[PDB]
Amino acid sequence: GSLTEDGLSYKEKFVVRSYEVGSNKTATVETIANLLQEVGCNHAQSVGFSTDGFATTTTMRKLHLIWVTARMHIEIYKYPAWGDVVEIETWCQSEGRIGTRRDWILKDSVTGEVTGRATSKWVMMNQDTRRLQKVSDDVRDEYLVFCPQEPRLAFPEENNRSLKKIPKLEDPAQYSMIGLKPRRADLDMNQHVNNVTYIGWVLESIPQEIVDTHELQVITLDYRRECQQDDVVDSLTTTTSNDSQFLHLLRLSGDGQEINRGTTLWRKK
Amino acid sequence: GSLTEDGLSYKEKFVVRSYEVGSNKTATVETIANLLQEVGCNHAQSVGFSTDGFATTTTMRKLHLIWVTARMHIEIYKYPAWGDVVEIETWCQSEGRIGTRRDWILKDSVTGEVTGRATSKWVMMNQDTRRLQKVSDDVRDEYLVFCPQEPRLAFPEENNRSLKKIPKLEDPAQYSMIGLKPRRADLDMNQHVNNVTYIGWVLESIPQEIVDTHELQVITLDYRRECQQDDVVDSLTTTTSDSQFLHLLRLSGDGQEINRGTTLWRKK
Ligand SMILES: O=C(Nc1ccccc1)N1CCCC1
Ligand SMILES: O=C(Nc1ccccc1)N1CCCC1
Ligand SMILES: O=C(Nc1ccccc1)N1CCCC1
Ligand SMILES: O=C(Nc1ccccc1)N1CCCC1
């Protein structure tokens with residue numbers, strides 16, 4: 001991979017692997033989410049930021065400040081087949097004191113057509129107390145020289161799905177997947193559960209028949225709290241709807257403390 | 001990747017990804033196992049065999065015959081760091097009517113030094129009845145033209161770790177990790193649990209302190225039975241000693257054995 005000519009975005013090609021594909025011989029949405037995370041990490045390394053998933057400055061490290069995902073929105077049109085080359089372009093934009101946004105465009109390397117797009121909202125937090133804080137100007141200036149100044153949004157639309165409010169699933173849930181625990185493969189280098197694992201746990205409560213007759217088009221996920229290595233998770237889904245829509249809730253098996261919420265949109269094959 | 005000049009082996013380079021590394025910024029043993037599976041799949045595609053993990057022929061497909069792993073043995077000397085290029089070379093060899101062996105050599109692309117090696121024993125089976133069958137001559141001949149004729153073993157040593165008999169762990173187990181279930185990410189394109197997942201389940205019963213003070217050097221795993229999508233697994237470990245462990249994977253309910261193995265770890 002490499003930063004583009006103007007240095008305000010980063011591009012990378014990936015060949016789809018055998019173990020990365022699902023029952024349709026095409027890459028899974030978790031493989032896509034992993035690839036976005038990989039190109040994001042490579043963009044941060046290419047300009048001097050941390051490579052631990054937090055993309056911090058030396059000023060942030062002294063203060064114990066990190067960047068954490070608040071929302072992740074993905075919309076796939078065509079999942080790449082096993083052996084296909086997929087080119088992903090990524091960039092960041094500051095959204096004031098609220099936080100920053102990382103966007104992605106996925107294209108077919110052969111045809112050049114856009115096969116998917118993603119957007120994620122990030123917020124600054126003290127890694128020890130988990131307390132949020134609005135971005136300081138001294139930190140803001142360190143990122144501005146690496147982001148486009150004019151707005152560049154992967155989801156420009158006036159009323160787009162990436163910014164819609166998500167409600168809390170009401171009990172009883174129509175479907176459920178109980179007792180989900182992370183293993184060592186689900187942890188990152190800092191021993192935290194990888195953001196992608198939560199996407200897999202959300203999709204576990206989708207019935208197999210839906211998976212076999214439909215394809216995932218859109219997924220919007222709000223992150224509220226971390227699941228520790230020694231925590232157990234309950235995944236809850238309810239149909240809200242050709243197209244099929246679901247409301248999702250991830251909560252801790254014990255007390256029922258919310259860790260995630262979202263919506264998925266599927267379409268008939 | 002590509003088959004080598006003589007066409008009797010296949011080589012491929014891989015750059016270590018951010019999500020593929022562990023707590024010490026180097027690729028996990030499951031990332032290595034995934035890479036071996038990827039280069040093996042690419043070797044099968046490059047010469048016309050199936051690409052579903054069974055490396056099957058048109059004669060086998062008509063008969064509903066597949067190749068399944070019986071044993072997997074991996075020895076790593078240096079785990080590649082995040083961003084390193086690792087070159088893996090792989091080849092197959094027939095071991096008579098017992099089965100076929102796939103071997104691997106892992107090297108550092110920069111220095112050329114061998115950083116790891118692996119060997120796996122495969123056996124032929126009817127995919128529907130799970131009954132094993134001795135490989136016929138008509139099937140043997142289809143593979144011979146793609147394997148070296150002289151022996152080429154990643155583990156040549158007489159009396160080596162890859163061919164040692166593994167005993168069954170006695171109850172009670174010193175350590176355990178119970179209620180392990182596979183998710184959709186653990187399934188392959190045929191909806192079977194991926195072979196690598198079993199390696200992760202085996203290592204789940206290793207205490208965190210051992211993981212934090214030691215590095216995995218050797219792992220030998222015998223495959224006995226499949227864990228279905230709707231099955232629950234119990235992982236059992238006991239210290240037999242460097243640190244050595246005896247492992248057992250069994251179904252949470254009846255206690256039916258699905259896997260057994262040994263791991264060897266070294267102080268960092
Ligand atoms: O990766 C970045 N920032 C960034 C900005 C420009 C160039 C390279 C990296 N972030 C992820 C968390 C929010 C900030
Ligand atoms: O805890 C999180 N985010 C998060 C990110 C990754 C995994 C788990 C949780 N947040 C609280 C304030 C909004 C974001
Ligand atoms: O992959 C192979 N065989 C093979 C042999 C030569 C070239 C390409 C593939 N196998 C795995 C199970 C035993 C057979
Ligand atoms: O069922 C298997 N092997 C296997 C392979 C992969 C996953 C699970 C099981 N075997 C029957 C006796 C020889 C090996």
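Indexing begins at 1, ligand by ligand and atom by atom, following the structure's order. Throughout, protein chains are lettered first and strands after them, A, B, ... in sequence-line order, and every chain is numbered starting at 1. Below, each value reflects all heavy atoms present in this structure, side chains not excepted, and no hydrogens, waters or symmetry copies.
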Does B:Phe49 form a ring pair (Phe, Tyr, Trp, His ring centres under 6.0 Å) with B:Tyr143? I'd like the steps, not just the answer.
CA-CA 9 Å; B:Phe49 294 116; B:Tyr143 291 99; 4.6 Å; yes
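- Residues meeting the salt bridge (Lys or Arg N to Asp or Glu O under 4.0 Å) test with B:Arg224, sequence neighbours left out: B:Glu257.
- B:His247 is linked by a ring-ring contact (aromatic ring centres under 6.0 Å, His included) to nothing, counting only residues two or more places apart in sequence or in another chain.
- For B:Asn259, there are no side-chain hydrogen bond (donor to acceptor under 3.5 Å, both in side chains) partners two or more places apart in sequence or in a different chain.
- Residue contact check: B:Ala55 has heavy atoms under 4.0 Å from atoms 1 (O), 2 (C), 10 (N), 11 (C) of ligand 3.
- Closest of all the heavy-atom pairs between A:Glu150 and A:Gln93 is O-NE2, 3.0 Å.
- For a threshold of 3.5 Å applied to N or O pairs, the pair formed by A:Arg102 and ligand 1 contains at least one separation below that value.
- Pocket lining of ligand 4, defined as residues with a non-hydrogen atom under 4.0 Å away: B:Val68, B:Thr69, B:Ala70, B:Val123, B:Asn195, B:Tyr198, B:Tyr223, B:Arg224, B:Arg225, B:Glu226.
- Side-chain contact, A:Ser18 with B:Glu38: a donor N or O sits under 3.5 Å from an acceptor N or O.
- Of all atoms in ligand 3, numbered sequentially from 1 with element shown, those under 4.0 Å from a heavy atom of B:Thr100 are 13 (C), 14 (C).
- Counting atoms of ligand 3 from 1 in the listed order, those under 4.0 Å from a heavy atom of B:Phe146 are 6 (C), 7 (C).
- At a threshold of 4.0 Å, the pair B:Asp103-B:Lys121 does not count as salt-bridged, since none of the basic side-chain nitrogens sits closer than that to a carboxylate oxygen.
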